Amino acid sequence: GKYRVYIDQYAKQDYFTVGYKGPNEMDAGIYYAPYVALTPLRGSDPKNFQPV
Amino acid sequence: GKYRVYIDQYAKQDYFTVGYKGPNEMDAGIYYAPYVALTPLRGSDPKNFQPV
Amino acid sequence: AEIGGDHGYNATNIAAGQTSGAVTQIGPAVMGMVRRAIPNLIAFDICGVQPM
Amino acid sequence: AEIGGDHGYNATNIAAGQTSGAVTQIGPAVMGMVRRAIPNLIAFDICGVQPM
Amino acid sequence: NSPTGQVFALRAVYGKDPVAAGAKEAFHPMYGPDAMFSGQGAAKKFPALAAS
Amino acid sequence: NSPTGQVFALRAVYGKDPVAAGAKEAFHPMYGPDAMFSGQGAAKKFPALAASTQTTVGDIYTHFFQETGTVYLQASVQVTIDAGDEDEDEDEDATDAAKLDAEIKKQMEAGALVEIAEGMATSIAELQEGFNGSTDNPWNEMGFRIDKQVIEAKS
Amino acid sequence: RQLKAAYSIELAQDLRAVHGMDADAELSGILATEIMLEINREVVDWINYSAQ
Amino acid sequence: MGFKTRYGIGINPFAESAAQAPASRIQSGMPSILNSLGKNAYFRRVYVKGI
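Looking at the PDB entry, one finds chain H named Mature major capsid protein and attributed to Tequatrovirus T4. This deposition appears in the PDB under the title "Bacteriophage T4 capsid shell containing 9DE insertions into the gp23* major capsid protein subunits".

Chain G carries the name Mature major capsid protein in the PDB entry, which gives Tequatrovirus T4 as its organism.

Here is the structure:
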């Protein structure tokens, strides 16, 4: 009834970590602010034409 | 009504050849196998903007 | 006399269909392709986002 | 970079599908099999056909 | 439709091992049939003609 | 239905050359993602952690774990991995490569090093591969390779 | 964060002919998935970094 | 009177999950000393004592 458990795949020795997350996005203790989404880019070299 | 004649435009000397071609595309001697048609490509040099 | 024989159990000969017997095989039959499964994520909701 | 390269134009490599680049091939496509035509028989109306 | 292609060729040979070196094609368009292969030849070996 | 079979296997490989030997796989289930390749890895090449290596506070070290791939650690205190103590301590059997991992875990356990993933400086990532007249700053590239396995039939 | 890939035109043409994989989405999918994994891994590592 | 039959045993690729690259881009799928002799990750056996 209280805790959501996320299992760390690549743990080295062993541990458990407990934290808090309120409804407001400021009740985190760590902020992930994506300034720009994943921007795709493409180009070519006009001597081999191979897509990059 | 037995031979079909083709002309070598760039014939380095006067000559003729006789060959065979059966009904099926197998018994023909030399096999010509296209893979990819002429694929156009386009590009430009960044330092001088000259299309290639 | 018209024996089947077998490939020399070499991956090189097995792939190419080369056999020690009389008939040369077409080649191995494809059974499908295997690839790694993309790893999952931690649902990213343990920390607030607040995008910039 | 991520290039395909080619087979070394070697008979063993081509049938086995082993290239020199990143991707290994299944095997060359089958273009059919060519048998040998049975030569004809020059009748029997030029000699006796007396059965024993 | 593939980067490589293969063509099969079938031959008919004379006697025992099909892949033994020095064999002879059975239904050769140029070479005449071994008319004594199944006849008197199967009972005795004839001398090989040679110069002098 | 034929006395010969084959199955292909696709793999994703770091680095620009997916055929060069000694190139770690991308999505290995036990090898965790190298969380510096798209980040600081392109800009700065961290020195590999090794036995008998003095750690300077505020620096980053890297090492490959036999069980969980790649980890980048930050030195919080000046410590020596194995030149102090151990050295000739009594152990029944362990690979000197495997012995290193236990020591690193012990240091990580005692709050000396901490696992850290970093982004990349905005200036450097912008001036990547010769732009503006910069030099010697190649990108990081990924490729895939396809390799086959073949079986036959006994009797 | 940033990544890039480059593939030859021959590789793209060959792969689709023999395996049906376009070698463009695969490279695009791999780069997009790799960066997201690290970002997801980085956030988790920061929490274990700053946890009391 | 006699009987005949033919079968084939082939290992699954990735069974040696621990090595990130194959051997020579082409290898025999039938089991061998190098292919799988304690390296196949799909299986794990445990000995029990004092049962």
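### Description of the arrangement of the chains
By contact count, the leading pair among the 19 pairs of chains in contact is chains F and G. Regarding chain E and chain F, the two do not touch, and the least distance separating their C-alpha atoms is 16 Å. Of all C-alpha pairs spanning chain B and chain H, none lies closer than 26 Å, and the two are not in contact.

### A few points about the interface of chain H and chain F
Each partner contributes to the interface: chain H provides 21 residues, whereas chain F provides 23 residues. Of the roughly 2,000 Å² buried between chain H and chain F on both sides combined, carbon and sulfur atoms contribute 54%. If you sort the residues of chain H by the area they bury against chain F, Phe14, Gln20 and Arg25 of chain H come out on top, with a joint share of 33%. Linking chain H with chain F are one salt bridge. Residues of the side of chain H that touches chain F, tallied by class, amount to ten nonpolar, nine polar and two charged. Bridging between strand 5 (residues 142-151) of chain F and strand 1 (residues 26-28) of chain H involves three bridges; their strand directions are parallel. The partner of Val150 of chain F across the bridge, within strand 1 of chain H, is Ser28 of chain H.

### With respect to the interface of chain F and chain G
Counting from both sides, the interface comprises 29 residues of chain F and, opposite them, 23 residues of chain G. Summed over both sides, the interface of chain F with chain G buries roughly 2,400 Å², with 64% coming from carbon and sulfur. Together, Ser38, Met142 and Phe144 of chain F form the three largest contributors to the area buried by chain F at its contact with chain G, with a combined 27%. Connecting chain F to chain G are two salt bridges. The partner of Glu141 of chain F in a salt bridge is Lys4 of chain G, and the shortest N-O contact between them spans 3.2 Å. There are twelve residue pairs in polar contact connecting chain F and chain G. At the level of elements, strand 1 (5-14), strand 4 (113-115) and strand 5 of chain F are the ones that each hand at least two residues to the side of chain F that touches chain G. Of the residues assigned to the side of chain F that touches chain G, the class counts are 18 nonpolar, seven polar and four charged.

### With respect to helix 1 (residues 9-18) of chain G
For helix 1 of chain G, the full list of buried residues reads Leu11, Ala12, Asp14, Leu15 and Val18 of chain G. Phi turns positive, to about 80°, at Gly20 of chain G, one or two residues after helix 1 of chain G.

### Focus on the pattern of salt bridges
Counted by the stated rule, this structure contains 21 salt bridges over all chains. A salt bridge links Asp24 of chain G to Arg42 of chain A, with the shortest nitrogen-to-oxygen separation between them at 2.9 Å.

### Topic: the nonpolar core
Core analysis: the largest hydrophobic core is formed by 30 residues, its most contacted members being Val23 of chain D, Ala26, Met142, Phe144 and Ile146 of chain F together with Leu3 and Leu15 of chain G. For this core, the elements supplying multiple residues, two or more each, are strand 1 and strand 5 of chain F together with helix 1 and helix 2 (25-50) of chain G. It is helix 2 of chain G that provides the largest number of residues to this core, a total of seven residues. For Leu15 of chain G, the residues in contact, after removing those within four places along its chain, are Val23 of chain D, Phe144 and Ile146 of chain F together with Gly20, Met21 and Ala23 of chain G. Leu49, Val71, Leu100 and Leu113 of chain F belong to the second-largest nonpolar core, a separate cluster that totals 13 residues.

### Overview of the packing of aromatic side chains
The way to describe two aromatic rings as a pair is by their centre distance and the angle between their planes. According to the stated counting rule, one finds six aromatic pairs over all chains in the structure shown. Both rings, one in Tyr31 of chain F and one in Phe64 of chain F, keep their centres 5.1 Å apart while their planes meet at 70°; by these two values the pair is edge-to-face. One end of the pair, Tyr31 of chain F, is in the loop between strand 1 and helix 1 (40-43); the other, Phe64 of chain F, is in strand 2 (residues 60-65), and 33 residues separate them in sequence. Relative to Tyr49 of chain G, the ring of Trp46 of chain G has its centre 4.9 Å away and its plane inclined at 65°; by these criteria the two rings are edge-to-face.

The rules we used
- Residues numbered from 1 in each chain as written, not as in the entry; some residues may be left out.
- Chains lettered and ligands numbered in written order.
- Part of a larger assembly, values for the part shown.
- Heavy atoms only, no water.
- Contact = heavy atoms within 4.5 Å.
- Buried area = accessible area lost by both parts, 1.4 Å probe.
- Salt bridge = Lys/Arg side-chain N within 4 Å of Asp/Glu carboxyl O.
- Nonpolar A, V, L, I, M, F, W, Y, C, P; charged D, E, K, R; others polar.
- Pairing = 2+ DSSP bridges.
- Helix = DSSP H or I, 4+ residues; strand = E, 2+ residues; numbered from the N terminus.
- Polar contact = N/O pair within 3.5 Å; in protein donor to acceptor, adjacent residues only side chain to side chain.
- Buried < 20%, exposed > 50% of the residue type's maximum accessible area, 1.4 Å probe, protein only.
- Core = buried A, V, L, I, M, F, W, Y, C linked by side-chain atoms within 4.5 Å.
- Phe/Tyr/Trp six-rings, centres within 6.5 Å; stacked < 30°, edge-to-face > 60°.

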